[PDB]
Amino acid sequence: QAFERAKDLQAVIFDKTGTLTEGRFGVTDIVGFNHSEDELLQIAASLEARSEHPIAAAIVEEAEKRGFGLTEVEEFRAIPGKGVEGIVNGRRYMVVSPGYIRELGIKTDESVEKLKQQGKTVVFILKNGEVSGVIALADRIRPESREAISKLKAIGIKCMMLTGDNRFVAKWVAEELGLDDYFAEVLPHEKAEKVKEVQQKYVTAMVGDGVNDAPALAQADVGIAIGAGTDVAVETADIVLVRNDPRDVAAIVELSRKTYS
């Protein structure tokens, strides 16, 4: 009777990471300071090609996405507490963290604070000891997610999100999606209580991973497990979506409102 009662949903809460987002870092911005973005990316990725760090891997992936070939680095060095460095074409290049920049006393252009305000992770590209560019990364929003939310709002459903992520990241996602509300910094044992808080007003769905978000899905009037696949089965949640397509939430509501059994 889960499908049947989806028609009376008033609120939908999405878990962020992996559900509305890809659940991995990718590049959102490349910003050159009197230096081209294509060269900046190609240089940063050449230097980053050895690293196992998740952010380094995302920089290399983006160079692969744009089809940029890497360059062999000379006098390569990895500095724990800073980043990486090597010579490329007779100039000493480095890719370093905001922590290193602050420790060296280097001034970061005022525009970079806007990236930080979106909760994006920033790395700095130095050329001969001066900031040549920054690359910003986020756990990026799924292409389907904007449409998932607009379809839901169009049918009067309040669209929310919860996440353990910090308030800058959560705000950024909410604004990109036009969410009605969001809750940030929510640890895994605190999610169920946020669903009960929304339940004070609304017949509420929770959308999330069937294993990780089990309690929240259980507290919900309708628990929707997403991205379950066709391999292993989720047995606790009210409805299971095989694929990870958040637009299927509105498809359930809209079909349920057109039908009864």
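Don't overthink the numbering: it's just position in the shown sequence, from 1.
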(message) Mean CA temperature factor from the deposited coordinates, higher in 9-17 or in 236-244?
(response) 236-244
(request) Using the B-factors recorded in the PDB entry, average over the C-alpha atoms of 225-233 and of 31-39, then report which stretch comes out higher. (result) 225-233
(request) Among 99, 164, 133, 178, single out the one with the highest C-alpha B factor in the record, please. (result) 99
(message) For the CA B factor values reported in this entry, which option in 171, 153, 92, 120 has the top one?
(response) 92
(message) Where does the C-alpha B-factor of residue 184 rank in its chain, lowest, middle or highest third?
(response) lowest
(message) Which third, lowest, middle or highest, does the C-alpha temperature factor of residue 62 belong to within its own chain?
(response) lowest
(request) Sort the modelled residues of this chain by their C-alpha B factor and say whether residue 70 lands in the lowest, middle or highest third. (result) highest
(message) Going by the CA temperature factor in the PDB record, which third of the chain does residue 139 belong to: lowest, middle or highest?
(response) lowest
(message) Ranking the modelled residues of this chain by C-alpha B-factor as given in the entry, is residue 49 in the lowest, middle or highest third?
(response) highest
